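Participant:
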Amino acid sequence: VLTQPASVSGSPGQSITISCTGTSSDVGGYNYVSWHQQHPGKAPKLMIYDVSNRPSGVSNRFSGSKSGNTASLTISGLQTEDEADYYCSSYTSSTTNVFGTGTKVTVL
Amino acid sequence: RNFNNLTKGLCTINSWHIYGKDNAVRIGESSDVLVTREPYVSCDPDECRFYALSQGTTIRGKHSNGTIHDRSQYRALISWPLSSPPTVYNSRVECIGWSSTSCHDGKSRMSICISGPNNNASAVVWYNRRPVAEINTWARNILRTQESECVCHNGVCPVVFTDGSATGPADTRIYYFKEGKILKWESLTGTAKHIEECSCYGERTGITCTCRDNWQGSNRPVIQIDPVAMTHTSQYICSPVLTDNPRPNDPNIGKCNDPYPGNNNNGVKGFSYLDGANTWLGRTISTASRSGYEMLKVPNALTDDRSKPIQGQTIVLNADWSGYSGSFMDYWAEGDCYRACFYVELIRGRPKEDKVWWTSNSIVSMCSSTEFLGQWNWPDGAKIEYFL
Amino acid sequence: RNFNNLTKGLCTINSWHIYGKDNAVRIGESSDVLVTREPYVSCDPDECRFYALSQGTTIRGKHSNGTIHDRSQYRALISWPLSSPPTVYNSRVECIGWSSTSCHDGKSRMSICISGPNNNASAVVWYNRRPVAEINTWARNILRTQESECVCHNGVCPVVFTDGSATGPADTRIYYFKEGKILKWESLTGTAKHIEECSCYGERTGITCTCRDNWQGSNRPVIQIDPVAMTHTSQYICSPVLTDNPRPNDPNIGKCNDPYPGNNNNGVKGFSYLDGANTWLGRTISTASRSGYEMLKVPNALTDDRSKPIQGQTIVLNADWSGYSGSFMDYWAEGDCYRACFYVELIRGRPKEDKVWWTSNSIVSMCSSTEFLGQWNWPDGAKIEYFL
Amino acid sequence: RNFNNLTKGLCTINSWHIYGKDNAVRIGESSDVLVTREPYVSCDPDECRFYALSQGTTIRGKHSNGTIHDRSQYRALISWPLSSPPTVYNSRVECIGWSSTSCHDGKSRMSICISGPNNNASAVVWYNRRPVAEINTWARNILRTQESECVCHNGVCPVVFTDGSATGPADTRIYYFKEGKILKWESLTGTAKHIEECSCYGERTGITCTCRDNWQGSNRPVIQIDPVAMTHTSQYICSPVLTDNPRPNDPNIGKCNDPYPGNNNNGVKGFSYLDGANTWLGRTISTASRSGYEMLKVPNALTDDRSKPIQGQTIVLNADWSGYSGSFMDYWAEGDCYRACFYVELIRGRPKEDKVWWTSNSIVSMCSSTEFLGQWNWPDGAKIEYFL
Amino acid sequence: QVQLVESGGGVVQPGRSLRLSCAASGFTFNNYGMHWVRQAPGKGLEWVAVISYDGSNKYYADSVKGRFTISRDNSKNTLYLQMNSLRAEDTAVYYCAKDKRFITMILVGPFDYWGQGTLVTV
Amino acid sequence: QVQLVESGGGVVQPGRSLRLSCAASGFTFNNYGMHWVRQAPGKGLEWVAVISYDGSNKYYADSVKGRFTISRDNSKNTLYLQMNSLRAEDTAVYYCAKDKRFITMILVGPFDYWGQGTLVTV
Ligand SMILES: *[C@@H]1O[C@H](CO)[C@@H](O[C@@H]2O[C@H](CO)[C@@H](O[C@@H]3O[C@H](CO[C@H]4O[C@H](CO[C@H]5O[C@H](CO)[C@@H](O)[C@H](O)[C@@H]5O)[C@@H](O)[C@H](O[C@H]5O[C@H](CO)[C@@H](O)[C@H](O)[C@@H]5O)[C@@H]4O)[C@@H](O)[C@H](O[C@H]4O[C@H](CO)[C@@H](O)[C@H](O)[C@@H]4O[C@H]4O[C@H](CO)[C@@H](O)[C@H](O)[C@@H]4O[C@H]4O[C@H](CO)[C@@H](O)[C@H](O)[C@@H]4O)[C@@H]3O)[C@H](O)[C@H]2NC(C)=O)[C@H](O)[C@H]1NC(C)=O
Ligand SMILES: *[C@@H]1O[C@H](CO)[C@@H](O[C@@H]2O[C@H](CO)[C@@H](O[C@@H]3O[C@H](CO[C@H]4O[C@H](CO[C@H]5O[C@H](CO)[C@@H](O)[C@H](O)[C@@H]5O)[C@@H](O)[C@H](O[C@H]5O[C@H](CO)[C@@H](O)[C@H](O)[C@@H]5O)[C@@H]4O)[C@@H](O)[C@H](O[C@H]4O[C@H](CO)[C@@H](O)[C@H](O)[C@@H]4O[C@H]4O[C@H](CO)[C@@H](O)[C@H](O)[C@@H]4O[C@H]4O[C@H](CO)[C@@H](O)[C@H](O)[C@@H]4O)[C@@H]3O)[C@H](O)[C@H]2NC(C)=O)[C@H](O)[C@H]1NC(C)=O
Ligand SMILES: *[C@@H]1O[C@H](CO)[C@@H](O[C@@H]2O[C@H](CO)[C@@H](O[C@@H]3O[C@H](CO[C@H]4O[C@H](CO[C@H]5O[C@H](CO)[C@@H](O)[C@H](O)[C@@H]5O)[C@@H](O)[C@H](O[C@H]5O[C@H](CO)[C@@H](O)[C@H](O)[C@@H]5O)[C@@H]4O)[C@@H](O)[C@H](O[C@H]4O[C@H](CO)[C@@H](O)[C@H](O)[C@@H]4O[C@H]4O[C@H](CO)[C@@H](O)[C@H](O)[C@@H]4O[C@H]4O[C@H](CO)[C@@H](O)[C@H](O)[C@@H]4O)[C@@H]3O)[C@H](O)[C@H]2NC(C)=O)[C@H](O)[C@H]1NC(C)=O
Ligand SMILES: *[C@@H]1O[C@H](CO)[C@@H](O[C@@H]2O[C@H](CO)[C@@H](O)[C@H](O)[C@H]2NC(C)=O)[C@H](O)[C@H]1NC(C)=O
Ligand SMILES: *[C@@H]1O[C@H](CO)[C@@H](O[C@@H]2O[C@H](CO)[C@@H](O)[C@H](O)[C@H]2NC(C)=O)[C@H](O)[C@H]1NC(C)=O
Ligand SMILES: *[C@@H]1O[C@H](CO)[C@@H](O[C@@H]2O[C@H](CO)[C@@H](O)[C@H](O)[C@H]2NC(C)=O)[C@H](O)[C@H]1NC(C)=O
Ligand SMILES: *[C@@H]1O[C@H](CO)[C@@H](O)[C@H](O)[C@H]1NC(C)=O
Ligand SMILES: *[C@@H]1O[C@H](CO)[C@@H](O)[C@H](O)[C@H]1NC(C)=O
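What follows is the structure in structure tokens.
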């Protein structure tokens, strides 16, 4: 139910922003928003949690924020190895969790 | 000791749990319990106490007849241990007056009491249990203040005062105190049009106060105070969820820089915690009278004019009488965030129960938690017939 | 300060002597004494206090009518100086709820109170007089706990909780707390089939708890807890001497891994000290109702299925009403061993004395000695007619 | 600690504000409040308390019948927290006797109580809660003292005592005490002719006392004491403004070295602050009876025989009963000057309200301020009919 | 370190049931709640179900509600998913995931660890 | 440092009004009350009026009472004197002065700072 850009892009070294827009019962409801990185053939990796916290092992090029009902993932210093499908997720008022549509990030 | 600094954020509020309850009216049916009104809760570095304005008489005494009045020579600010009743024997008087406020700054407690006639009132500011400074009336029409906990940062304690008509424009000021002395003062600015009885809490971002608009609005004014700069701004809560009492029914769209119309010349003290998604509003359940009490999680209520509740909790059922409410915090508690808390006055007797000639209240107090906990109404329950 | 460590053994118990007695009902006939139930005794490093759950009213007040009920919004855990009555004016409220437990860990006191409706109850864990953590209900059927002193070792305080039917299987858990936070939890294991209201004491060997089996047994479950490993086991006391109430008459041979049948869906909180030859069991004298109270020295009662008393002492005569009992200790006392102590609730009023509409209790407390001392019954004695 | 030294001057007095009020008679209508008379206020380094002489009975007890009498075995000096009533349960007894005085010297409190029959009275001087020294009667006619706060300088505390007829000449002495022992004594000198019940305050210039002349004058004696030299002088206040009660009407010209005639063998305890232009006199409003109370700013009243008030403030309306008044100060307060304070006894019951058989009082206390603050009468207000 | 290993995959003719499970190791099973997530080939991630650390609270995505049951056996460190009445729409790789939060009844994620997944074809 | 600058002087035919003002700088305007004082040529100083720091209390010399109004605009750091019905007796140099006392309602001076004054001729 969380809408993401189908894809984003930029050349190496550029920053890109991946948005995730939900409603007041989702993204703007609770600060439990997280981002996941999935490479084809692999299970997803957690990159960001509770809107802006990076798990140990996650580089500092990945950061994020939230405003209103829109969540945002920033990838600084885009590298060629960053190509992946990125997903946002959040806890909703229904006592369920949802994932967004996903964004394909490519590198030029 | 050192002065308390507001360095932490608020803890996520998923639900509220019982913190305290004195059962004052119930116990007072047959014990030496004082008649009080306009309670609040405030904490020192190692203790929380209940505060209230006493009428100078016990519930079953004959001087309880006529306690409906708000201003008299007999009123004083007292405090007693949390969850114990306001007894004659365990209470301490902090200061004398019919309107007051207080807070601990990390080294010592400040308190302010207002006394005098309606057209010649004055405030006496106490610190460390001694008088320090005084403020005389400026508009000559009921000098009055917060009736709640004040918040200090590095020794500076902003206090909101109003003097002027309660049914029209009034002169609202903020005085900034340190160790009981005045460092600065400001006239009220921003877009709020009428302010009374502000409920304030602090955080690492500054001091936030939710106030009553007794002139026009069903929504509430908010004062945002920066204690370092000693500056402030103001506005109304944008949310369509109305929080005053009496109020008109909730609109689809609220207002931010203007009072929401429908019920003039009235209202009740209340509070809110404004923290983006982690925003909770308190209000009565009845729209016609001060009964019931509920908490609503209304994301971005301060700035989103179309926001509606996504979660909530009943504190008092609408079958039971409620009253003034407000916020407080333990700023000395262990942890990496502040646990938000609040209290509700439960008014018994006059003006609603005319079988008795007294008015009095009980205190119920609750704190936030990160767990989603079960709910239960917390009524007063004293049986009025036992007093007849 | 430092955390209390369980390093000493128990002192030989040859007889019991009076430690304390509040005379609460007797004094309360004409003074401001609160109605309480489910008392316990617990000690801090320099003070022992009586604890109980208050009904929010005095004995002679009109709100004492209906105090027979166990769960209400008015209930709170209070404490007052040992051997003084639970007065309105000298009591301190520790927390709010209808079920509770508490203990000092050598640095600061922990307390837990349970409140909420029968199907949505929650526990709030307090430490050093501030809320720290909460546990919500899991079986949705009266979350409840020990109603006695908990025992800590090096800061870790195991607490036994039950949620589920009182007349059938229930979900019993042990949570291990440190400074109010949860370090670990376990589901109940071993051979006990139903556990409620555990009375616990510690020694250098670990923490031993004697509990009630309200479903099937006339014998009692025992939980043996290792606070360092934070692990536990369970069984029943093997002795043929039965200790619950109501109970069938004592058999020649008892049971160890199964409840002893005869009286279903009932029972009373109680205790035992299990120490090989130095083993004492407490119980009522009546087998039909909660009256009288006696201590029996029954060597190896925990493991010997044919053991019988070799010595004993009457605490309360069967002519007088008794109630819940339990264990406590002064873990900070001077000496090379711990002096075992216990208390008995003496219930007056409803449900046995229907001439009054209140129920209340008095507390009698006794400690062990190495001398063989004379005995004396210690009844309540308030005359019920004085309350009519 | 160190002894208090009188090093600061007085703060400019522009107006007076409420400091404390106990509402003792009002609360006592239906609570355990003691019958007292002859109150005073005195401060320790970190606390102010109310002091009074107790009759050994509560207001609603049957032993309150006959409390009109001044001297009995039941009288004792008690103290309790400022602005709380003189209850049975929160009061501390300082010493026993029908006449007394007390003060803190910066290290420990001294108190003096006088007891015994009219012709064989004695004073017992206590220090640090132990008896230290005694003075026996010398004129054999009611040994009596100040009934107020004494003032110490570097450990020396002058105390004024009188023994002799109250309707003629009497032997008036000053004893200089240190740590409860007598260092020196003097017979009264100067031009005052009769001295009783001196109200004393200190400043950097010495100790100033305003006393009652119960023999002849409507003006008041003043004793000027040098605590270092341990010497003194005396005179009357020159001002034409008369301050005793009963008194004749105010003349155009007063007297300085002789009592002002008109009303013999009577009077009331009172006070003044003498500081050149910063001079204030307290007095009743009625000239015939002890009712009302007002403060007048009368520049140079001590030395100017034609001085008249230029400013004033009403404390109690003449419609309400008043009583004895006197001065006190917080000599440990922060600041560069001393804040002058005073109290007024509000007498209820006998000898004016004959509907009751008791006499008792309430205490109202006020302190100076540099602001010109609004005024409000501070009456007792207990309704006498509630006691019938 | 933490490992979650999925098993029980396979092919289910429509209308038939299938039972999946995960073996957990490297952490205390009893201290964390757990989630099932599925991914149809070529699609994004879909949350399926969550169970609390003590098994007391079970919630499901609307798309499987009434057909799937989630359970856990704390003595075997094993998470289970019972899928009844499977349909073609349920073809997906199913994954177990570990909830980051310690002994709480707040079932909000983040998903700290993921298993590798097993395919169920219908 | 503190400066007070008078303006609005000039010549007023008798019976007409004139409005004077002072621009204040170098101190917080809102913390001090202010006074107007006038001096007729060849004469001593005459106090005219005082206003409190918040504008709530205004007092006048008897000689101008009922004819002059004193006011202040705290947002512009400006003190004003509105003189109506001027008479020949009002010819004077008018000065602003700063009350030394900080945020008090005691309007007693001393006059800590004086401006330079402006002449009003009638
Ligand atoms: C054990 O304890 C637990 C502890 O939590 C208990 O759980 C709690 O139970 C209480 C029960 O009251 C819940 O409180 C209510 O919560 C609702 C909020 O949730 C609803 O809305 C959510 C928002 O999403 C919806 O809208 C968006 C909009 O775009 C939409 O996109 C989305 O799809 C959806 O439509 C939903 O997510 C949520 O769904 C959940 O609940 C469903 C229930 O059936 C369930 O089916 C779902 O699967 C899911 O579980 C749900 O829909 C609050 O709205 C509500 O507050 C209103 O109602 C109370 C009732 O008395 C009233 O007092 C309040 O004042 C308020 O109603 C007034 O204001 C409204 C404002 O818009 C107005 O519309 C109303 O008409 C009404 O206004 C009138 O009165 C007022 C005042 O008198 C006056 O001013 C007005 O002018 C006007 O006259 C309650 O807060 C708790 O949230 C819940 N807690 C948790 C954590 O779950 C549990 O029940 C206990 N169990 C037992 C057995 O006791
Ligand atoms: C001054 O103060 C001192 C302070 O101590 C007082 O001294 C105390 O006095 C009290 C008096 O009550 C004593 O309490 C009782 O003690 C007996 C235990 O001692 C007896 O048994 C010992 C065990 O050895 C025997 O058995 C073994 C088995 O192999 C055998 O080998 C051995 O040879 C022997 O046969 C004996 O050593 C002991 O001997 C001593 O006493 C004799 C007395 O006459 C004396 O002759 C000897 O020389 C020697 O001195 C003695 O025989 C406990 O058994 C007893 O408890 C039972 O009775 C009370 C009475 O009300 C009852 O309440 C208890 O519940 C219990 O009775 C029930 O349980 C039994 C369990 O088996 C059962 O059999 C009973 O039928 C009964 O059960 C029924 O009721 C219960 C509950 O209502 C129900 O659940 C059941 O189903 C069923 O219905 C008392 O504890 C103190 O020990 C004694 N203290 C000391 C240190 O000495 C002194 O008296 C005071 N003086 C004055 C003037 O006041
Ligand atoms: C809001 O709060 C504020 C807080 O302050 C209130 O403001 C206060 O209001 C009270 C009202 O009572 C004032 O108290 C009275 O003050 C006067 C003193 O001021 C008068 O005198 C000053 C002295 O100058 C005069 O004399 C010199 C002599 O050479 C002369 O040169 C000079 O030109 C002038 O003539 C004046 O400056 C002052 O002027 C001010 O007030 C005027 C009022 O109308 C105003 O017009 C002016 O512009 C200016 O503003 C003023 O004239 C005290 O004298 C008075 O005390 C007497 O009256 C009370 C009334 O009940 C009485 O109880 C007292 O006992 C006393 O009267 C007795 O003693 C007199 C002694 O000489 C005697 O003459 C009387 O006949 C009478 O004596 C009889 O009774 C007594 C006892 O019962 C008995 O012993 C005798 O024998 C005999 O029987 C009050 O103190 C406050 O000062 C004022 N405070 C401030 C800071 O301003 C404000 O009002 C509140 N507002 C509201 C709305 O509530
Ligand atoms: C409480 O005070 C009121 C007055 O304020 C008392 O009411 C009066 O009682 C008398 C008794 O006959 C009546 O004549 C008056 O008309 C009553 N006045 C009013 C306004 O009703 C009242 O009785 C007092 N109540 C108690 C319980 O003492
Ligand atoms: C205690 O409360 C009970 C109700 O819970 C009161 O009992 C009722 O009294 C009325 C008075 O006529 C009777 O009509 C009802 O039938 C009674 N109910 C029951 C259940 O008996 C009781 O009187 C109260 N007792 C006291 C001393 O006040
Ligand atoms: C208070 O004490 C007085 C005595 O000091 C009591 O007055 C006496 O009461 C008896 C009763 O008949 C009379 O005969 C006496 O003549 C009374 N004496 C006086 C002097 O009047 C008085 O009744 C007591 N009052 C109360 C309320 O108990
Ligand atoms: C509070 O923050 C200020 C910021 O400058 C700092 O100077 C001050 O020392 C802090 N106060 C305390 C008590 O640490
Ligand atoms: C008080 O003043 C005297 C004057 O000599 C001085 O000696 C004394 O030390 C002072 N007392 C204290 C406590 O400082």
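Protein chains in written order, with the deposited numbering: chain I, 3 to 9, 11 to 27, 27A to 27C, 28 to 95, 95A, 96 to 106, 106A; chain D, 82 to 170, 170A, 171 to 331, 333 to 387, 389 to 413, 413A to 413B, 414 to 468; chain A, 82 to 170, 170A, 171 to 331, 333 to 387, 389 to 413, 413A to 413B, 414 to 468; chain C, 82 to 170, 170A, 171 to 331, 333 to 387, 389 to 413, 413A to 413B, 414 to 468; chain K, 1 to 52, 52A, 53 to 82, 82A to 82C, 83 to 100, 100A to 100G, 101 to 111; chain F, 1 to 52, 52A, 53 to 82, 82A to 82C, 83 to 100, 100A to 100G, 101 to 111. Positions of the beta carbon are idealized from the N, C-alpha and C atoms, including for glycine.
(1) Between the region 215–222 of chain A and the region 122–130 of chain D, do at least 3 Cβ pairs fall closer than 8 Å?
(2) Helix, strand or coil for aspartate 386/A per DSSP?
(3) Should the region 439–448 of chain D be called in touch with the region 395–409 of chain D, which here means at least 3 C-beta pairs below 8 Å?
(4) Per DSSP, which one or two residues make a beta bridge with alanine 49/K?
(5) Within this structure, are the beta carbons of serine 404/D and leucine 377/D separated by less than 9 Å?
(6) Which residues of the region 247–274 of chain D have a Cβ closer than 7 Å to any Cβ of chain F? Give them in chain order.
(7) Could you check whether the Cβ of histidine 184/D sits closer than 8 Å to any heavy atom belonging to ligand 7?
(8) Contact between the region 277–297 of chain C and the region 98–106 of chain C is defined here as three or more beta-carbon pairs at a separation below 8 Å; is this criterion met?
(9) Judging by CA-CA distance, which residue of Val212/D, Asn333/D and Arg428/D is the nearest neighbour of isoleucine 262/D?
(10) Please report whether the beta-carbon of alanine 219/A lies at a distance below 9 Å from any beta-carbon of chain K.
(11) Determine, using beta carbons only, whether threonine 168/C comes closer than 9 Å to chain D.
(12) Please check if any C-beta of chain K sits within less than 9 Å of the C-beta of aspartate 85/I.
(13) Is the CB of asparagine 198/D under 9 Å away from at least one CB in chain F?
(14) Counting only beta-carbon separations shorter than 9 Å, does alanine 413B/D have a partner in chain A?
(15) Chain I beta carbons: is any one of them nearer than 9 Å to that of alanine 462/D?
(16) Reducing DSSP to helix, strand and coil, say where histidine 144/D ends up.
(17) Could you name the residues of the same chain whose beta carbon sits closer than 6 Å to that of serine 25/F, not counting the 5 residues immediately before and after it, in chain order?
Facilitator: Let's see:
(1) Pairwise C-beta distances place the region 215–222 of chain A out of contact with the region 122–130 of chain D, as fewer than three of them are shorter than 8 Å.
(2) Taking the first residue of the third sequence as position 1, residue 386/A is located at position 305. Coil at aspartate 386/A, not helix or strand.
(3) A contact exists between the region 439–448 of chain D and the region 395–409 of chain D.
(4) What you label residue 49/K is simply residue 49 of the fifth sequence in a count that begins at 1. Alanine 49/K pairs with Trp36/K and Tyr59/K.
(5) Position 322 of the second sequence holds residue 404/D. Position 296 of the second sequence holds residue 377/D. Taking 9 Å as the cut-off, the beta carbon of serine 404/D is found no closer than this to the beta carbon of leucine 377/D.
(6) Within the region 247–274 of chain D, the residues whose Cβ lies closer than 7 Å to some Cβ of chain F are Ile262 and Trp265, listed in chain order.
(7) The count along the second sequence starts at 1 and reaches residue 184/D at position 104. Ligand 7 has no heavy atom closer than 8 Å to the beta-carbon of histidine 184/D.
(8) Taking a cut-off of 8 Å for Cβ pairs, the region 277–297 of chain C and the region 98–106 of chain C do not touch, as fewer than three such pairs fall below it.
(9) Residue numbering aside, residue 262/D sits at position 182 when the second sequence is read from its first letter. Of the listed residues, the one whose Cα sits closest to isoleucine 262/D is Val212/D.
(10) Counting from one through the third sequence, the residue named residue 219/A turns up at place 139. Under the 9 Å criterion on CB atoms, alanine 219/A is classed as interfacial with respect to chain K.
(11) The residue given as residue 168/C occupies position 87 in the fourth sequence. Closer than 9 Å to some Cβ of chain D, the Cβ of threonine 168/C qualifies, so yes.
(12) Translated into positions along the first sequence, residue 85/I becomes position 85. At least one chain K Cβ lies under 9 Å of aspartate 85/I.
(13) For the purposes of this step, residue 198/D is taken as residue 118 along the second sequence, with counting starting at 1. Look at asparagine 198/D: its C-beta is not under 9 Å from any C-beta on chain F.
(14) Numbered from 1 along the second sequence, position 333 holds the residue referred to as residue 413B/D. At least one chain A Cβ lies under 9 Å of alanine 413B/D.
(15) As a first step, residue 462/D is located in the second sequence; it is residue number 382 there, counting from the start. Cβ-Cβ to chain I under 9 Å: no for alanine 462/D.
(16) One-based indexing of the second sequence puts residue 144/D at position 63. In the three-state DSSP reduction, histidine 144/D falls in the helix class (H, G or I).
(17) Position 25 of the sixth sequence, counted from the start, is the residue given in the question as residue 25/F. Cβ within range, chain order: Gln3.
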